[PDB]
């Protein structure tokens, strides 16, 4: 049994100590499942903050991209885990990483209506001018969805 496989299991379950122990024994922190999700993707999607922190502290690739081209910041921003967004950015997460549809974390946060996450992404260099595969910006999403406070935030 791969140590990386054990870490993915532990990371899904939010088992803080078991995560530390597998890392202490030499588990690949960037091990990925059949979808390309790493322990960091899992911890980000499920909102396991302390696991995000220890993974990053012990050299996890903050910009690891899955088979859909999504990074942990894409996931945290769409689902609405602010504190995880903040921590990922602090370790140099690419705030404008494009998935295989051309979507950035800002597109996903805008679509989800997480306004504080949108503001935190902008403060950390997110580009409102970034276009997805279909030529749409996060601003266009806010106009299409009729989300006026979002539109105002993106226009500044």
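Positions refer to the first chain, counted from 1.
- When the C-alpha B-factors of 2-10 and 147-155 are averaged, 2-10 comes out higher.
- Remark: stretch with higher mean C-alpha B factor among 49-57 and 66-74 is 49-57.
- Considering 114, 123, 98, 34 together, the PDB entry gives 34 the largest C-alpha B factor.
- Reading the B-factor column for the CA atoms of 94, 119, 28, 127 in the entry, the top value corresponds to 28.
- In the deposited entry, the Cα temperature factor of residue 19 sits in the top third of values across the chain's modelled residues.
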